[PDB]
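Below: the structure, in structure tokens.
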Protein chains: 2
Amino acid sequence: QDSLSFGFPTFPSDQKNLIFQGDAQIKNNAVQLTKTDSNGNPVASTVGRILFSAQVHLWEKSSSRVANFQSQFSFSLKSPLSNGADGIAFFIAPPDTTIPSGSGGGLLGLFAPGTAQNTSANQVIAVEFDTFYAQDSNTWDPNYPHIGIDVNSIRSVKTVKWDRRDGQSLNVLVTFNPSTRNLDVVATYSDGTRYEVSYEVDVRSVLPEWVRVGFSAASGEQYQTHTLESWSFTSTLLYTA
Amino acid sequence: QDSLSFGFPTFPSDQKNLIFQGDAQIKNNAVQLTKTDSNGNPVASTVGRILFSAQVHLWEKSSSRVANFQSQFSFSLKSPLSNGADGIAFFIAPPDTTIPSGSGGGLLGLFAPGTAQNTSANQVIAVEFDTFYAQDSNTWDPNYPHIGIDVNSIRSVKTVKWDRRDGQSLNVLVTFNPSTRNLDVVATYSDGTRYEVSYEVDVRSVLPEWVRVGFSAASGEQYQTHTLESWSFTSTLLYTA
Ligand SMILES: OC[C@H]1O[C@@](CO)(O[C@H]2O[C@H](CO)[C@@H](O)[C@H](O)[C@H]2O)[C@@H](O)[C@@H]1O
Ligand SMILES: OC[C@H]1O[C@@](CO)(O[C@H]2O[C@H](CO)[C@@H](O)[C@H](O)[C@H]2O)[C@@H](O)[C@@H]1O
Ligand SMILES: [Ca+2]
Ligand SMILES: [Ca+2]
Ligand SMILES: [Mn+2]
Ligand SMILES: [Mn+2]
């Protein structure tokens, strides 16, 4: 299809169109990307991802069209401690994408240790909400919590300082305009605190014509819950000048 | 998801979200439901169906919600014979639906012969465009070409006279309003000729909560091409007051 859109105001337990990878599972009408004990508390060393089953036609070689898409979602992070890790990310990748070996902790379940920074060894665009930046294990990270745009590397091509608020939902709007090649990210907390980051990227040279969209989250030695509360997506193929 | 929509203004050969059954295949940016020779001419004894991969949430028991959906599509039928057969149909059935054994010809690839008219033995709602009504063969049909609404049986719960026009596209709008429980059908030819038929049905008592939508067509002794040219579908769960 040239156009596709779906919306999850909440996440009831009877899902049919979600691909669950790792420890991701539905609990209390929300998607818990990372494992949690019976008490509902986060645990260490866990990775989980979800992907919508239907493939998205991102671009079409023949017609020379590229899709304009918008992804809106909200999530909350909660941890008994305060050093919650490692973060959640919205990502777009080839349809057969699976959790890379050893992609836990700081790699957010998106990259392999040996290629995490090799741009010609990956095919993935992601918007990360990174809460852990210890310079010994996350050497590629700026020294503070941040929202980043990742293009084939765990080392963000663009970042903006961000504030982690335990238990508070962050509302996010991610949009890609094929006309200007701009991938814009706008995140806001209910009190109006706003964060914005954008980057110009030609999706055609990074991803295949058909892709799958979803989320990924991980906790290494440090942990926190990564709860996806809602999600709506829309893509429409458009002719570009 | 509570809502889903997708649009196929045309059908390029490079598809990823369509489930092809029987002889269905894409040719010339259109879906040829029934088999055609190398020259594109229709042949006898052929059945084919397509379904969108993503399951549609038709209704939700817990929240007492029922989906409001709309299916707009266009098709054309062609045949050198004076009595092209057998017809095409838009249908809604359980997710694991497959072509029943011996459902060719007049059964439109939707029902098995032994239970084609046993309503308690089927789970399907279909809008058929029936061009073959030989009273000695398809004994259940009125004696003329017609549009029919099928609910768990090949013997339509309702039909209206329709005119078959060789090689002319028919545009159809199928809608369901959960408030009134009216399943409405409006079809038109490019010259304005209009056909309308409506039926009241509670989908909750006929179909499971999750279903798949698609098209089916077949040709028995008599044949004709059944070309699906375009298709857009949208559904959203609503509260039924
Ligand atoms: O306790 C965390 C501590 O260990 C290191 C590695 O020595 O980081 C681990 O835990 C982090 C948070 O869960 C992950 O991001 C990282 O991938 C993992 O190696 C330290 O840097 C950190 O201080
Ligand atoms: O030519 C139609 C003639 O043959 C039979 C089967 O012997 O019907 C077949 O063809 C029809 C038209 O394609 C189908 O409707 C029917 O399902 C199929 O069996 C006869 O009953 C009919 O007289
Ligand atoms: Ca990090
Ligand atoms: Ca018939
Ligand atoms: Mn980072
Ligand atoms: Mn009929």
Side-chain angles (χ1 to χ4, degrees), chain A residues 1-8 51-73 89-97 110 119-120 122-129 147-153 156-160 171-188 195-216 231-241, chain B residues 1 3-18 29 52-54 230-234:
Chain A
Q1 24 336 182
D2 285 7
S3 62
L4 174 70
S5 61
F6 58 78
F8 293 89
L51 294 170
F52 189 66
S53 59
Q55 292 179 47
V56 185
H57 203 179
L58 188 60
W59 57 285
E60 188 171 61
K61 198 299 178 181
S62 62
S63 65
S64 182
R65 291 183 293 170
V66 179
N68 170 294
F69 68 75
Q70 171 183 291
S71 182
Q72 178 164 55
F73 59 85
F90 167 67
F91 71 111
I92 306 170
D96 59 354
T97 185
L110 296 173
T119 56
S120 60
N122 297 297
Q123 286 185 297
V124 57
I125 296 180
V127 176
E128 48 161 276
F129 298 79
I147 295 177
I149 293 178
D150 303 350
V151 182
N152 298 314
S153 177
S156 305
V157 299
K158 199 69 172 299
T159 64
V160 66
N171 301 297
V172 188
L173 178 61
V174 176
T175 65
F176 177 70
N177 185 312
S179 180
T180 61
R181 299 292 185 59
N182 284 62
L183 179 63
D184 302 305
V185 181
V186 178
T188 65
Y195 307 83
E196 307 180 3
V197 67
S198 61
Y199 177 88
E200 181 180 300
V201 57
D202 172 52
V203 299
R204 298 178 305 183
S205 58
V206 178
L207 300 170
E209 301 179 69
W210 295 83
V211 307
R212 279 206 167 90
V213 298
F215 299 78
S216 185
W231 177 39
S232 67
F233 177 97
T234 303
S235 62
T236 304
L237 283 182
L238 298 178
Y239 286 106
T240 303
Chain B
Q1 21 337 184
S3 60
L4 178 65
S5 71
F6 57 76
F8 293 90
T10 65
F11 288 99
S13 60
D14 180 52
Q15 295 302 310
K16 304 295 180 180
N17 299 309
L18 292 178
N29 302 301
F52 188 67
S53 62
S230 62
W231 178 37
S232 72
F233 174 95
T234 185

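A, B, ... follow the sequence lines: proteins, then strands. Residue 1 opens every chain. Just so you know, these numbers use all the heavy atoms, side chains as well, and skip hydrogens, waters and symmetry mates.
- A distance-only check finds no donor-acceptor pair linking the side chain of B:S232 to the backbone of B:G7 [under 3.5 Å].
- Annotation: the span from A:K158 atom NZ to A:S198 atom OG amounts to 5.0 Å, rounded to 0.5 Å.
- Residues A:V151 and A:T119 come closest through the heavy atom pair O-CG2, 4.3 Å.
- Rounding to the nearest 0.5 Å gives a distance of 6.0 Å between CG of A:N122 and CG of A:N152.
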**OP:** Decide side chain to side chain contact (heavy atoms under 4.5 Å, CB included) for A:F73 and A:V174; before the verdict, give the C-alpha distance in whole Å, the side-chain angles of both, and the deciding distance to 0.1 Å.
**Re:** CA-CA 9 Å; A:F73 59 85; A:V174 176; 4.0 Å; yes
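- For the residue pair B:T10 and B:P12, the shortest heavy atom distance occurs at O-CD, 3.5 Å.
- Considering OG of A:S235 and CD1 of A:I92, their distance stands at 9.5 Å, rounded to 0.5 Å.
- The shortest distance between side-chain heavy atoms of A:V124 and A:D150 does not fall below 4.5 Å.
- B:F233 has its side chain out of reach of B:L4: every pair of non-hydrogen atoms, C-beta onward, lies at least 4.5 Å apart.
- Rounding to the nearest 0.5 Å places OG1 of A:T180 at 7.5 Å from CD of A:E200.
- A:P208 approaches A:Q123 most closely through the heavy-atom pair CD-NE2, 3.9 Å.
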**OP:** Report the C-alpha distance between A:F90 and A:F129 in whole Å, list the side-chain angles of each, state the deciding distance to 0.1 Å, and finish with yes or no for side chain to side chain contact (heavy atoms under 4.5 Å, CB included).
**Re:** CA-CA 9 Å; A:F90 167 67; A:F129 298 79; 5.6 Å; no
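- Side-chain contact between A:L51 and A:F91 is present, with at least one heavy-atom pair separated by less than 4.5 Å.
- The shortest side-chain heavy-atom distance between B:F52 and B:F8 falls under the 4.5 Å cut-off.
- Of the possible polar contacts, one joining the A:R212 side chain to the A:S53 backbone as a donor-acceptor pair under 3.5 Å is found.
- B:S5 and A:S5 share a side-chain donor-acceptor pair at under 3.5 Å.
- A salt bridge links A:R65 with A:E60: the closest approach of a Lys/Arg side-chain nitrogen to an acidic carboxylate oxygen falls below 4.0 angstrom.
- In this structure, CZ on B:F6 lies 14.0 Å from CZ on A:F6, to the nearest 0.5 angstrom.
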**OP:** Begin with the C-alpha distance, continue with both residues' side-chain angles, and end with the deciding distance and a verdict on side chain to side chain contact (heavy atoms under 4.5 Å, CB included) for A:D184 and A:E196.
**Re:** CA-CA 8 Å; A:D184 302 305; A:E196 307 180 3; over 6 Å; no
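- Counting heavy atoms from C-beta outward, A:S156 and A:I149 have side chains that stay 4.5 Å or more apart.
- If you take CZ on A:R181 and CZ on A:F176, they are separated by 7.0 Å, rounding to the nearest 0.5 Å.
- Proximity of A:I125 to A:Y199: side-chain heavy atoms (C-beta onward) are nowhere separated by under 4.5 Å.
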**OP:** Apply side chain to side chain contact (heavy atoms under 4.5 Å, CB included) to the pair B:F11 and B:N29, showing each step before the final yes or no.
**Re:** CA-CA 4 Å; B:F11 288 99; B:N29 302 301; 5.5 Å; no
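- Minimum interatomic distance between A:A187 and A:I147 (heavy atoms only, all atoms of both residues): CB-CD1, 3.9 Å.
- Heavy-atom minimum distance, A:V211 versus A:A93: CB-O, 3.3 Å.
- In plain terms, the two heavy atoms of A:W231 and A:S71 that are nearest each other are NE1-OG, 3.1 Å.
- Here the side chain of A:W59 pairs no donor or acceptor atom with the backbone of A:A67 at under 3.5 angstrom.
- Side-chain contact between A:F69 and A:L183 is present, with at least one heavy-atom pair separated by less than 4.5 Å.
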